[PDB]
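So this first bit is one chain, no partners, the form deposited in one PDB entry, shown in structure tokens.
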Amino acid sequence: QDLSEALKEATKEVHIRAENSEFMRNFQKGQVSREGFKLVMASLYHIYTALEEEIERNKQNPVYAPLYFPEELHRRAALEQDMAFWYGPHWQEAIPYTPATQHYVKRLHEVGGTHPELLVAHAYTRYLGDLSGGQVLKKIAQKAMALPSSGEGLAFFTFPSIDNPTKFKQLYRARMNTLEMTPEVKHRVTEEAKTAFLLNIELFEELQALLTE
């Protein structure tokens, strides 16, 4: 079975559970507010920072290299623009770093530093979602919070180097299928993707509790 398919099948159940996290339900209904949005986006800033440090560490390693798309996909510089927008000029000392965000970042460095053959699972789980549900969430955010169509504060959701997310996702899947694949790597990559999804769910469960505490 192709890696792209194995991953879709392996993660289709937990995707359902992730898209119905309470935080995401509230978000999708349009009950997202500045405070909650700031929290989630600050947490993503740390997550993508760690993911992309690890992509850079492993960019020439053939277990990852065919998925190396910094110009199209990487989110850190976008997140920095967003953090300056939502948190101001001293955002770096303002932004929170939650325990569930730390947990995710920790696993990211373990994968990038020790199990780089699994790094694809983590790039898959975040980037392809950003090009899918992330586009729906962006429209909702804009409406709920009165964000301007010019993009300020939602640079994370904006991919100026990708003309067509659907066609890009297709390119990316096909490229995943060119990685060197053995049953051991395939098994473990799809397991790590389920883990990635759980790390995301845990983040959201946490952020939701913080907002109701």
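Don't overthink the numbering: it's just position in the shown sequence, from 1. What we label the rigid core is the largest C-alpha set whose atoms superpose within 1.5 Å from one form to the other.
In what follows, reference is made to the form deposited in another entry, a form of this protein that is not presented.
**Student:** Report the residue, chosen from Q31, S161, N177, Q170, for which the CA moves 2 Å or more between the shown form and the other one after the rigid core is overlaid.
**Tutor:** None of the others reach 2 Å, which leaves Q31.
**Student:** Once everything's superposed on the core, is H103 shifted 2 Å or more at the Cα between the shown form and the other one?
**Tutor:** No.
**Student:** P116: CA shift of at least 2 Å between the shown form and the other one after core fit?
**Tutor:** After core superposition, the C-alpha of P116 moves less than 2 Å between the shown form and the other one.
**Student:** Relative to the superposed rigid core, does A77 relocate between the shown form and the other one - that is, does its Cα move 2 Å or more?
**Tutor:** No.
**Student:** Relative to what is shown, are the Cα atoms of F159 and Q28 closer or farther apart in that other deposited form, where the gap shifts by 3 Å or more?
**Tutor:** Closer is correct, given that in that other deposited form the C-alpha spacing of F159 to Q28 is reduced by at least 3 Å.
**Student:** Out of closer and farther, which fits the Cα atoms of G151 and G30 in that other deposited form compared with this form, where the change is 3 Å or more?
**Tutor:** Pair moves closer in that other deposited form.
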